[PDB]
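First, the structure itself, so that you have it in front of you.
Letters A, B, C, D and E mark the chains as written, and numbering starts fresh at 1 in each.
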Amino acid sequence: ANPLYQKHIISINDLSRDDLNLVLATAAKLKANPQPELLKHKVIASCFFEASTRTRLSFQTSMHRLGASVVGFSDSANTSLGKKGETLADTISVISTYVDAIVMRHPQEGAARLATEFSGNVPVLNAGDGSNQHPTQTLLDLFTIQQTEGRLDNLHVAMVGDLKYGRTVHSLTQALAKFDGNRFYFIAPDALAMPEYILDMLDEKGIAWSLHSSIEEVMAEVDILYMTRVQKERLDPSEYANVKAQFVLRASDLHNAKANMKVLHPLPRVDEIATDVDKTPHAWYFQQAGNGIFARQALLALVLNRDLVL
Amino acid sequence: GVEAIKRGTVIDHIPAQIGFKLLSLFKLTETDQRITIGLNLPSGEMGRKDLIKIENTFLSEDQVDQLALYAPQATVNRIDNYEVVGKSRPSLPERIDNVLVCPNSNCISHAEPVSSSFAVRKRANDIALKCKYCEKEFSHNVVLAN
Amino acid sequence: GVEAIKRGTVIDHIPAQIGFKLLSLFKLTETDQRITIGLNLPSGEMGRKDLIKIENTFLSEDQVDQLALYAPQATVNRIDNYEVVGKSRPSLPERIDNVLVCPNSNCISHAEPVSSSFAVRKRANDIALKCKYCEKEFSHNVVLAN
Amino acid sequence: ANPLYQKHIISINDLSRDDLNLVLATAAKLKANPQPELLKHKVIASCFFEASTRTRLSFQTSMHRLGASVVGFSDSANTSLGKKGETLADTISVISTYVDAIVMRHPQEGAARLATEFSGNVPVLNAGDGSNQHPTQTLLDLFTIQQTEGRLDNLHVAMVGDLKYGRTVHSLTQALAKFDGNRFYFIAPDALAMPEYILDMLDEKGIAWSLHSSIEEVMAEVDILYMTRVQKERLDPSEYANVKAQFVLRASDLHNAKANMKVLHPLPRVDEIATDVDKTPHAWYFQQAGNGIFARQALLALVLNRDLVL
Amino acid sequence: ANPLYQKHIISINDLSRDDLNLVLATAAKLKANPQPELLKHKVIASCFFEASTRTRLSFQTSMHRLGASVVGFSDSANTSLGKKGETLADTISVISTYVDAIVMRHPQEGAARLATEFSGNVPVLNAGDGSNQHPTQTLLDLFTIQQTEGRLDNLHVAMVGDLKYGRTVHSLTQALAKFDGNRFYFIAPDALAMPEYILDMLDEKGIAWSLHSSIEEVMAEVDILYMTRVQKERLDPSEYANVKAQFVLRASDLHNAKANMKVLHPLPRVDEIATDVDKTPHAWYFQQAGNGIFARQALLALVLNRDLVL
């Protein structure tokens, strides 16, 4: 029986250093040797109450590469929660009487933990809930860092962008604070700054972090530059002074970059990474996106198979 | 005695302008029994205190845990046949369910049939409350804002 | 058995269940005076009553009359230095202003910065309130909301 | 000065049989002998926050036909209340510093009384505040009833239509319960029936009122058939079962009717008074509308001239 | 060859007592022993021209559990019937040249019989057509009643809600009137009453039915309480007086309930079943929804397999 078998994947806080490491070891493995009927005969729900290209299409393709069947919806507009007016609690109650794992995206923070309370014994894997958590992103980010850096301890990681509303940077700082010696650099407009709650945690664990007005001031010292998008759809009126990005990575800026340095981005990206960065040996965001297939196949393998031998 | 009950509860060292919110919150009027309320009495150290006397009635768990979060000064006295069989002051809990309302506009807790729940980290500064659902932490002052 | 009072007002004989409804409705608690309230008291006259004593505070003619609306059998005892100097009592007031809200949703009194006002009226079972502004009469029970 | 000089006209409930009688007497005088200069040098505000044809235009024509100047608006859309966010109370407060009298129509019951609290010494004539009261309507009705039936006492009056929301029938039932031995017939749907408070007022003066489900049932007995339009705009969506005139009146029905009887209507009419009634002896509504001029200009005169016109 | 092989499932009227009983025997069987390649190599269309969570997701999961492939659309918005303007007759004509059974939901009454006339030899199974028929609902309701009551003869069945627009109660009364001795109790607001056409039929067959203003007045005598939703999207303007539910089942009301009694509801539910009923041993609407999987798998098995041996 394996430790993440039947687990709910909602927040990185409930995942340990060993649970993460079991995902990446699994990932690397299916990436070396593909299992096409590993989930032959499981049907999985794919409930997206909010927009997606990568999380849903990667999820759905990982499910197919493993032999599973997918049922779902790309918008609540057509569900009876969107037209006949039912609660999300009833939605998840009947959908868990039909399927074997629920994958869901959702605009309010907290909807993934909501689902679990009504899902009975079906695992709920959180594809993103408003600006809260994005666990499966973080697992493909960790797989991509390990792959380019051979270590997840002692990195210099710079997080550039909308860190307030960024569900992706909220999950990634919580998983990297579970490894040794990682140094953090936050570059965000201050009204879209890192939530003090992750900061207190960074402090309670004695990890070193810092703020910087610029990307030129840390370029030389970083292993990873994790760029993010200004979450327009999440901004409040007050923040409209902040829709256009403040820090824009252009290929010239990479001049004093460590040769090993990788530019990561969850994507979609708007104006903040100039397309001239795409042609450098530092841009690695599309390889990161490809790596969504092995990490989400490993997550489904482990939650739905009591023991894997591979 | 400064008032008197055989069995029941007397709560004491309530801050002024908290006794009456407490009457409200724990619904202590839904009661056919005697109640004495001492609004804005003294309290030498901190001048005026309010005092509530629910006769032949005692408090359940939840209310005293709330009492910890609304009046850490107060002390609650189990009085049986007039003897103060026990006088205990409240200590904060780990979690508060079904009364605090989460500050985040976008918390699912609002729109959906779930009882709220908050984790309680007593900070050197104050009480940090973390929502069960959105995982945000707030200042207890943000939250208890009546 | 309640308290000795130097000078003020003691509204005695408030029907048990309305004493709290009054300390809220007309801002009595919002003071710095010592208030002692006895909820649920043996009266004989009534089975149970309620009783509020507000120290160093008097009511007015209209103030007391506002009480007729919830407590006609109350008795407002005006006290000056331990002597019951006054034994005041509620007739219906002709108008309650500022404490009620018109049940008519489309009344102007909701949208504009003006105080409410209702002409009170002894109809033929309960008491009827006519808004100043929209001019619709409502049962007094309705007004006291849901 | 005369009984209504500087006096606000907000509801019929504040006026006496004596004031109504003076206003119609003055209306009969002015119709016979115009006074072109009677308000020469007065400016009146004509403030309609709601739709109007009949009331706003006869008011501004009565003011003009006495020498007065009119300033105002027929729509709130382009006032600062309409776009900059101010309160009615601040509209009324600045507008009291410019004009000599305010005529105002509003969608909210209570708006003219609210405007007397801030008009200072300027009078506020109510052109209709929501479904409450419409006092100048009632004065041209009374002028028209006495003009046709010779009297305003001992009349059989059937009010058909939407009585719940009829600001017109609310003021007219109160105006007619002040003379003697007037008889009421009220024909409405249940959901749009006469306000209780009105009937109470009737009971206390011991006025005989009686409900009726048909025009035919009262036709031969009545003298004034006062028809009303369903207040489409004020209906609750629960009330939308009856938006079409339950009782519609065609000329056929006038078969068994009293040769003195008159069909009155505040107008707009929609479907309830069929266009063939228009040719009968009984139809009097376009005649009632024109009496709007004399009633409306007898009112203006008395509120702004101490000296009673002759 | 089996009797429902290649049949169209449109209305309960064309299904007999034996066709229904062949579905439930089948259902119970696949529910005891699952057939994962029973429909291996069939492709099925899933055409939803109107909102769904349960009917479509249960249908689609039953198709997958049996080995079939699904193609379709959750809204006509994207089809060429919704943007290029084609008829539903042409839609169904080309889709039947591609697939092996058409499952369709549709807002106008009658669209399922429309499809069959153009589907050639492909079976059309009606997922619901406006307020007309909902056969596959009824089959999972009958499976759930049998499962809780061991009989489909002599029940006391109370139908509470919107019976006029309820496609579900229209199909269920027609199937239960095909068994012996079932007593019926209708509790609906009268403007949303049971259609006289089902009532005449109930009469022609000499079945006992009755109206009741209350749920307390039948609680003690019923085996099933079938609660329904006020079909807002189907109500006419006149009925807007009826959007909020009249009869709301709360856990207290179940006090004098037969111990065997089950609360059924097709779902979604709005305000009419208080969530306190969910925690009682009488609420059974989520188990009913789970039972959508075995009944719709049995329906597809029989229509697409000439003989089943299982």
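Everything below uses one rule, namely that contacts are C-beta pairs under 8 Å (C-beta built on N, C-alpha and C of every residue); 3 or more make two chains touch, one makes a residue touch a chain.
Trainee: Please tell me whether A-B or D-E has the greater number of C-beta pairs in contact.
Mentor: Higher contact count goes to A-B.
Trainee: State, to the nearest whole Å, the distance from the C-alpha centre of subunit C to the C-alpha centre of subunit D.
Mentor: Chain centres of subunit C and subunit D, defined by C-alpha means, are spaced 40 Å apart.
Trainee: Could you please state the distance in Å, as a whole number, between where the Cα atoms of subunit D are centred and where those of subunit E are centred?
Mentor: Here the centre of subunit E sits 56 Å away from the centre of subunit D.
Trainee: On a C-alpha centroid basis, what's the spacing between subunit B and subunit E, in Å?
Mentor: Here the centre of subunit E sits 51 Å away from the centre of subunit B.
Trainee: Identify all positions of subunit C at which a residue touches two or more other chains, and write them in rising order.
Mentor: In subunit C, nothing touches at least two other chains.
Trainee: In subunit D, which residues are in touch with two or more of the other chains?
Mentor: In subunit D, nothing touches at least two other chains.
Trainee: So with touch defined the way it is at the top, what topology do the chains form here? Options are line, ring, star, complete, other.
Mentor: ring
Trainee: Can I get the ring sequence of chains, opening with subunit C and turning toward subunit D?
Mentor: C, D, E, A, B
Trainee: In the complex, go through subunit B and note every residue touching subunit C.
Mentor: Contacts found on subunit B: 17, 20, 23, 29, 31-41, 48.
Trainee: Contact residues on subunit A for subunit B in the complex?
Mentor: Residue positions touching the partner: 11, 13, 87-89, 106-111, 113-114, 117, 129-133, 195-197, 200.
Trainee: Can you list the subunit D residues touching subunit E in their complex?
Mentor: Residue list for subunit D touching subunit E: 237-241, 243.
Trainee: Applying the document's contact rule, which stretches of subunit A touch subunit E when the two form their complex?
Mentor: Contacts found on subunit A: 41, 43, 45, 69, 71-73, 77-86, 90-91, 93-95, 97-99.
Trainee: Over in the complex, which subunit C residues touch subunit D? Could you list them?
Mentor: Residues of subunit C touching subunit D: 104, 106-109, 111-114, 123, 130-137.
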